[PDB]
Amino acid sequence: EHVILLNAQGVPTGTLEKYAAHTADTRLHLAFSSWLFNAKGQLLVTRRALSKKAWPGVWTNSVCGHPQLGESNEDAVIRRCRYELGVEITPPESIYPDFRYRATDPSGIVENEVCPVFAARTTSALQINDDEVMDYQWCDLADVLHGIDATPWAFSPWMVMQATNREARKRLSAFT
């Protein structure tokens, strides 16, 4: 797998192997973030495996990943949902198209991404890939927002940023 390097204006300029790409000096690249809800409207929150290079063991929104060259964001979401969670989903919907962020994890590993945000509903049972996900919780979106608002440090920095953007929170609040 790779990541897609982006210039200032967001234009793809080349690629890097994905593992090699995330370092203390990560360069800007393309990503996505997804928030998954089940048919009952519960939010899936996941805990990243301790083997992930960036933010291992961190609670976060359902699924993130890295679109490959010429892959649509919707297809990347679908792909990683299958890969990380063995789950089938409805067509992903746009909830925060212009999200972009840079952050450094506790060991000094940086994410630096153009990271459009989506939401979808699961249409099958999860089947967990424990190389990616070490724990998960189905919960009310309302409670998750309360926890994000009270102890943001207990969640990934991008999950906090996405959830605290007015429009994004508005749009996630509707999948319930």
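From 1 onward, residues are counted along the sequence shown. The term rigid core refers to the maximal set of C-alpha atoms that superpose within 1.5 Å between the two forms.
When the other structures are laid on the shown form by the core, the C-alphas of 66 to 74 and 39 to 47 differ in how far they drift in 4 other deposited structures of this protein; the larger average drift belongs to 66 to 74.
Once the C-alpha B-factors are averaged per stretch, 88 to 96 and 102 to 110 rank with 88 to 96 first. Per the PDB record, of the two stretches 65 to 73 and 146 to 154, 65 to 73 carries the greater mean B-factor over its C-alpha atoms.
In this entry, the residue among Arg121, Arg48, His29, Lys40 with the greatest C-alpha B factor is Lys40. Comparing the C-alpha B-factors of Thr23, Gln162, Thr15, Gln9 in the entry, the top value falls on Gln9. Sort the chain's modelled residues by C-alpha temperature factor and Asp140 lands in the highest third, per the entry.
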